[PDB]
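Novice: Structure incoming, see below.
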Amino acid sequence: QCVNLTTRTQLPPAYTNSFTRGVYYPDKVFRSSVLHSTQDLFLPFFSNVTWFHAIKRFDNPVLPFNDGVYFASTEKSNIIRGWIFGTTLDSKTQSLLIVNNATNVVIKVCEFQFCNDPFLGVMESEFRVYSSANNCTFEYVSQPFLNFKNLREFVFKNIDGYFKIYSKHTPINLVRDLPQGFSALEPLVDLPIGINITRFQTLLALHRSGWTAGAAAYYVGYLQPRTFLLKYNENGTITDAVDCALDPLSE
Amino acid sequence: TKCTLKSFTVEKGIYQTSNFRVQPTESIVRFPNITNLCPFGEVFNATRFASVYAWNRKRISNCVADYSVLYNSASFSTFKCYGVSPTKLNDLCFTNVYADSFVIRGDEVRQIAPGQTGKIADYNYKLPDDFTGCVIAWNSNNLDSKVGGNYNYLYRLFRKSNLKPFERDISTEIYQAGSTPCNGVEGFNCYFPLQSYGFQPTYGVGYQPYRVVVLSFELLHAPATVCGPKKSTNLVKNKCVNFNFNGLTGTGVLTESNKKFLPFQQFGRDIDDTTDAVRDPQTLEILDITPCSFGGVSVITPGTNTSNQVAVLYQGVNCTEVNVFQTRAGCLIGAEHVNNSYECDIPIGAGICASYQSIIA
Amino acid sequence: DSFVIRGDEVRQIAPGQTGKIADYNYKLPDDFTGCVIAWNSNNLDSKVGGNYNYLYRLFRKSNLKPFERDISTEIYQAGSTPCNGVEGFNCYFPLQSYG
Amino acid sequence: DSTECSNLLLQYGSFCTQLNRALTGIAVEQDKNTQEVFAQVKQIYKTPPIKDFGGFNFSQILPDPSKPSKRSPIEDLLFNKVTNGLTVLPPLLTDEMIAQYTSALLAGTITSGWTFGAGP
Amino acid sequence: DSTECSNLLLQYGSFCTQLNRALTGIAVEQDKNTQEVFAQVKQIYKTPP
Amino acid sequence: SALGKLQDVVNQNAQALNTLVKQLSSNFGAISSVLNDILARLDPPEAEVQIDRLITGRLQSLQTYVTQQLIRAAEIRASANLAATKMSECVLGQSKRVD
Amino acid sequence: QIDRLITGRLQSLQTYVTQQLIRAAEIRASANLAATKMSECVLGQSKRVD
Ligand SMILES: *[C@@H]1O[C@H](CO)[C@@H](O[C@@H]2O[C@H](CO)[C@@H](O)[C@H](O)[C@H]2NC(C)=O)[C@H](O)[C@H]1NC(C)=O
Ligand SMILES: *[C@@H]1O[C@H](CO)[C@@H](O[C@@H]2O[C@H](CO)[C@@H](O)[C@H](O)[C@H]2NC(C)=O)[C@H](O)[C@H]1NC(C)=O
Ligand SMILES: *[C@@H]1O[C@H](CO)[C@@H](O)[C@H](O)[C@H]1NC(C)=O
Ligand SMILES: *[C@@H]1O[C@H](CO)[C@@H](O)[C@H](O)[C@H]1NC(C)=O
Ligand SMILES: *[C@@H]1O[C@H](CO)[C@@H](O)[C@H](O)[C@H]1NC(C)=O
Ligand SMILES: *[C@@H]1O[C@H](CO)[C@@H](O)[C@H](O)[C@H]1NC(C)=O
Ligand SMILES: *[C@@H]1O[C@H](CO)[C@@H](O)[C@H](O)[C@H]1NC(C)=O
Ligand SMILES: *[C@@H]1O[C@H](CO)[C@@H](O)[C@H](O)[C@H]1NC(C)=O
Ligand SMILES: *[C@@H]1O[C@H](CO)[C@@H](O)[C@H](O)[C@H]1NC(C)=O
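And the structure:
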């Protein structure tokens, strides 16, 4: 089942500063009180990240994946539920679906027929994100990952057919923009998908009481190949980082 | 020392002659719990099998497959592999496995083979010439056969062209035996392609129904989700053993660790990026990996003109891991430690010197 | 060292080759010096009814050493069950003839 | 611990012996350097218990009895301010004996002038 | 300027860093040598007219 | 920065050892920097080539380390000879040598 | 085969020349010290202690 949303208000996309966010653990290796220099797909410090709002604003476009995606979410009441990953987003090719419904998180790699406007609806009684599912190759059910009160950071990478999802939950009290601080993203799950992904789309949830969009805001950043100098404390958490290509001092 | 110096006479001094190694005693392989098994119970031992023209294809992926139980079962009358070895199924890894399940006649069991020509091979199930995987077949007279005749299992008898490998044909088009036009109406030379078998309990060997499952392996660029079983052994600590933890191998002494890992971290590295801490996959505990007590073996001797007595210094080696005295330089064997202080004759290290008067340190 | 093999197996009579007769019939060392000679013998080593006089070791527990010959006609145990010198389920003769 | 690697390494000859011998030469050279610098006296001199040197104070350079290491306050400050087949050999002279040699040199140059360097 | 050559050269590790460090050490050592030989006075003396 | 000369010697020695250790993680053109992975993933005819590449790379690294250690040893020996001269002439006597 | 022998022998010769140059530097330093001792101890009386 698909429904066209024809009540949107036209507005240009916003932009903001990444500050020192987007750092994640490059590997599953403990390091104690040491500085490690690593070359990987990292998000540049103080970069220009695209800012989308949900307020009548309902920002669900399809964007190129590039080499990786940094997703920042200033979220309250759990409007953002999942993501759409693929190349052509139709039954011709194979696409990846990430959903978090009221009970669990489901990760599926199948040939889905995506709607032009996919969404959920809130008691949750409205699922309108696909119309068909023909050939499934991989299914994985896991534990649920989840004023703006919650900050959700995610990093998605496609390296050697492995899909790395890094995530971090942060308690914030900032009203509008991204807070300034340091929080290293823990690795959450590695998926053996082995498929081509070039485009993605956020999945939102409607509020029914037409439809109303709950207050949420999210940010999209792009991963670039660069070097980071990570500092590991006594307890083994990354407390500070240096971008080797940002300015000559950090270089 | 004479061998190292290439001389039959050795001058007084200390000569580094060899390299002590603590030989590994045991091999400790720790791999995580063997869970998420592949559903082979519902394919080999299903309630109802499929026909050979519409063979059921089950995809085995994202699981660990225990081929030892399948291979060691004595019920199977035929276990023939054409691209791999039966004893190496538990060691190799594949991207995915295709399981083709069907029932055929006892005489047609040989027809599921590369290069074999038969009715089942040409019209029902075809294998490629470079086929990899294993064909398993077993008798099913006690279950499939019925006293009234089991006609549920159909098979294709006629088709214009031979099958391609891994191709199904469930079409029910009326075959043309001759050249007469047939528009779906049966006639003298137009018959239905699917015929029923005559499985009955009174038939002997060769006409009994045989259940065949064919496993095919894929080795594409996809990750190898399907792997063999992992036989984890017991964990031994405080000894120089060869450790294999989740594919990371090496040699070391595994001791208890006070380092508290975060839940996502598995291995531990020092400044020089060498693994000195690790997490056991079976039980979530942290173990320090101290390198084995390698050292330099030095021989302390006076001149051969004076005496043939020698002492052995194991550099940087504790005396419990090899006239035995423990120094900060290492373990010295063959020298009697005295409390008197003299001038240094042969330097040992860390303030220790050796002399001949027997050899004293 | 004289023997008769198939047409496609002549590449396996070489140093450092991976193969079936390389592992269980005739193994060459990595530092082998000498020459391998192969020529077609369809006119002499073939019969219309089938020349089955040439046999190869289909089954063995382990790969051979270089310049090692195995002529033992003992049964092979392919499974957990012992065979006791008698053919049966998962008990096959190691030597099979070329057709 | 790879036996195949060692078998292939034997084709290259006595490179390992040369590397070990060069490192051994460096290691004995360091001990010889310390011996040349600090062991220039064969008598261990001590200062008198009464530090009556005509008003001259040497407390900052003489060994401190309170410290277990028997180092001077300046030497203690200097030591505080300095922060796979690999082995580190200990030096032949420990820090205590080097401190003892410096103490003997200081006692000789304080109580005896330059006479101890040229004879009794 | 070959990117493929640099990609292959990165497989050999930190040889290039070692060589650059050694040359930098020699370069600063030459300046230290000149400083030690000629800059032994902190006052610029001048002869009388 | 009062004790920079000793700290420089300690830093150079530690950095040299660190560089040596880190040279083990480089494959030097081989498929992997781990000998065990090469021995487990390939047959001995090609594993011999890959191990030979690792051996020559590690041997070159070790020769480089020993050579730079010898050069630093010569520098330290010169400094120690100077220190012994200062010990003999400044501490054990009064020197008329300017500066 | 000759290429393998050439690279091995060339590496051996370069290593030998490298330690020969280092030993030459050490012997040159010792010879400079010996020349200084000949000038100051034999050709004059030295006030330098030891
Ligand atoms: C919502 O709008 C989209 C955009 O027009 C619709 O997608 C098109 O649907 C027609 C229906 O036949 C197709 O012919 C077009 O090819 C579609 N566009 C694209 C780009 O594929 C979509 O069908 C609408 N949803 C519903 C339920 O009508
Ligand atoms: C020699 O110098 C030391 C240090 O300068 C003197 O020790 C000081 O003595 C005064 C008074 O007794 C104390 O207030 C200081 O705290 C002492 N300093 C230290 C570092 O101990 C010492 O008195 C001087 N004279 C003699 C004869 O030793
Ligand atoms: C980010 O991009 C937008 C348009 O692409 C631009 O207007 C804005 O100035 C940029 N911000 C920064 C900090 O460069
Ligand atoms: C992935 O898809 C994009 C477009 O969808 C295509 O240009 C690219 O070649 C594909 N890559 C692979 C490895 O298939
Ligand atoms: C969540 O999704 C799973 C997978 O389809 C489904 O089994 C489950 O019933 C869903 N839960 C709810 C509350 O809809
Ligand atoms: C994909 O689905 C279509 C129809 O749903 C089917 O014809 C095709 O065989 C399927 N392919 C695979 C690889 O499962
Ligand atoms: C490290 O953990 C200890 C608890 O064992 C805690 O007291 C300390 O504050 C932590 N330090 C940091 C920098 O997180
Ligand atoms: C049926 O086959 C499965 C195959 O894995 C096996 O595990 C199971 O024990 C079998 N059941 C019986 C009753 O033989
Ligand atoms: C794995 O098996 C061990 C057996 O002792 C058990 O203690 C443990 O809870 C199991 N699960 C995990 C995740 O280690």
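Chains as they are written, first to last, in the entry's author numbering: chain A, 14 to 68, 77 to 143, 153 to 176, 185 to 247, 257 to 298; chain B, 299 to 620, 641 to 675, 691 to 694; chain C, 398 to 496; chain D, 745 to 827, 856 to 892; chain E, 745 to 793; chain F, 943 to 1041; chain G, 992 to 1041.
Quick reminder that beta carbons are idealized off the backbone N, C-alpha and C, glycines included.
Comparing the CB of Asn331(B) with every heavy atom of ligand 9, is any distance shorter than 6 Å?
Specialist: Indeed, a heavy atom of ligand 9 lies less than 6 Å from the Cβ.
Novice: Going by the DSSP bridge assignment, what does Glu654(B) pair with across the sheet?
Specialist: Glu654(B) pairs with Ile693(B).
Novice: Starting from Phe759(D) and walking both ways along the alpha helix (DSSP H), at which residues does that stretch end?
Specialist: First-last of the alpha helix (DSSP H) with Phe759(D): 759-782.
Novice: Pick helix, strand or coil for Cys590(B), following the three-state DSSP scheme.
Specialist: Coil.
Novice: To which residues of the same chain is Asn164(A) closer than 7 Å at the C-beta, ignoring the five residues directly before and after it?
Specialist: So the list reads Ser112, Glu132, once near-sequence residues are dropped.
Novice: Kindly indicate which residue of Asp398(B), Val320(B), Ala372(B), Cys488(B) has the alpha-carbon position closest to the one of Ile472(B).
Specialist: Ranking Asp398(B), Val320(B), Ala372(B), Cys488(B) by Cα distance to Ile472(B) puts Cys488(B) first.
Novice: For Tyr28(A), which residues in the same chain have their Cβ closer than 8 Å to its Cβ, ignoring the five residues on either side in sequence?
Specialist: Excluding residues within five positions, the ones whose Cβ falls inside 8 Å are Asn61, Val62, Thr63, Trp64.
Novice: On a CA-only basis, which of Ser673(B), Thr618(B), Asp570(B) is nearest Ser605(B)? Give me that one, please.
Specialist: For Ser605(B), the nearest C-alpha among the options comes from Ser673(B).
Novice: Of the residues that make up the region 777-805 of chain D, which ones have a beta carbon closer than 8 Å to any beta carbon in chain G?
Specialist: From the region 777-805 of chain D, only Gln784 have a Cβ closer than 8 Å to chain G.
Novice: Mind checking whether the beta-carbon of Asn137(A) lies closer than 6 Å to any heavy atom of ligand 1?
Specialist: Answer for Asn137(A): yes, Cβ within range of ligand 1.
Novice: Can you name the residues that DSSP bridges to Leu189(A)?
Specialist: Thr95(A), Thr208(A).
Novice: Going along the region 568-579 of chain B in order, which residues come within less than 7 Å of chain A, judged by CB to CB distance?
Specialist: Flagged, chain order: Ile569, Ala575.
Novice: Out of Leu996(F), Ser968(F), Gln957(F), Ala1022(F), which one is the CA nearest neighbour of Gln1010(F)?
Specialist: The shortest C-alpha separation from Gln1010(F) is found at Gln957(F).
Novice: Take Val401(C) as the anchor and find which of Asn437(C), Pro479(C), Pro426(C) has the nearest alpha-carbon.
Specialist: Per the Cα distances, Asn437(C).
Novice: Out of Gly431(C), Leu461(C), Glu484(C), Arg403(C), which has the shortest C-alpha to C-alpha gap to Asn439(C)?
Specialist: It is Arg403(C).
Novice: Quick one: what's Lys278(A) bridged to in DSSP?
Specialist: Per DSSP, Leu48(A), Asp287(A).
Novice: Below 8 Å between beta carbons is the criterion; list the residues of the region 468-481 of chain C that meet it against any residue of chain B, in chain order.
Specialist: Within the region 468-481 of chain C, the residues whose Cβ lies closer than 8 Å to some Cβ of chain B are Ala475, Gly476, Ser477, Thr478, listed in chain order.
Novice: Rounding to the nearest angstrom, what Cα-Cα distance links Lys458(B) and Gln474(B) in this structure?
Specialist: Answer to the nearest angstrom: the Cα atoms are 9 Å apart.
Novice: For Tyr756(D), which residues in chain G fall below 8 Å Cβ to Cβ?
Specialist: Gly999, listed in chain order.
Novice: Give me whichever residues DSSP pairs with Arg328(B) in a beta bridge.
Specialist: Beta-bridge pairing links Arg328(B) to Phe543(B).
Novice: Indicate whether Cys538(B) and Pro322(B) have their beta-carbon atoms separated by less than 7 Å.
Specialist: Yes, they are a contact pair.
Novice: In chain D, what lies closer than 9 Å to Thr549(B) by C-beta?
Specialist: What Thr549(B) touches in chain D: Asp745.
Novice: Closer than 5 Å from C-beta to any heavy atom of ligand 2: which residues, in chain order?
Specialist: Cβ atoms closer than 5 Å to ligand 2 belong to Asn801(D), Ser803(D).
Novice: Do the region 231-238 of chain A and the region 204-222 of chain A touch if we need at least three Cβ pairs shorter than 8 Å?
Specialist: Short answer: they don't touch.
Novice: Quick one: Cα of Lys558(B) to Cα of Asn282(A), how far?
Specialist: Distance between the alpha carbons of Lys558(B) and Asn282(A) is about 7 Å.
Novice: Would you call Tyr451(C) buried or exposed, if buried means 16 or more other Cβ atoms sit within 10 Å of its Cβ?
Specialist: Classification for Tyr451(C): exposed.
Novice: Below 8 Å on the Cβ atoms is my contact criterion, and I expect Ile670(B) with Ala647(B) to pass it. Report the Cβ-Cβ distance as a whole number of Å.
Specialist: Contact holds; Cβ gap of about 6 Å.
Novice: What three-state label does DSSP hand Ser162(A) in the structure shown?
Specialist: It is a strand residue.
Novice: For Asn422(C), which residues of its own chain have a beta-carbon under 7 Å away from its beta-carbon, when the five flanking residues on both sides are left out?
Specialist: Answer for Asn422(C): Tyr453, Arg454, listed in chain order.
Novice: Cβ closer than 9 Å: which chain D residues qualify as neighbours of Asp1041(G)?
Specialist: The contacting residues are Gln784, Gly889, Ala890.
Novice: So that I know if they touch, is there some Cβ in chain F lying closer than 7 Å to that of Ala1016(G)?
Specialist: By this cut-off, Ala1016(G) is an interface position.
Novice: Would you call the CB atoms of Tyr789(D) and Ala879(D) closer than 7 Å?
Specialist: Contact flag set, yes.
Novice: Of the residues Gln675(B), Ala575(B), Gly667(B), which one's Cα is nearest the Cα of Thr778(D)?
Specialist: Answer by Cα proximity: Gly667(B).
Novice: Taking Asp994(F) as the query, report the chain D residues whose CB atoms sit under 7 Å from its CB, ordered along the chain.
Specialist: Residues of chain D passing the Cβ test: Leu752.
Novice: Buried or exposed: which applies to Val511(B), given that a residue is buried once 16 or more other Cβ atoms fall within 10 Å of its Cβ?
Specialist: That one is buried.
Novice: Provide the residue span of the beta strand (DSSP E) that contains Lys129(A), from first to last.
Specialist: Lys129(A) -> beta strand (DSSP E) spans 126-142.
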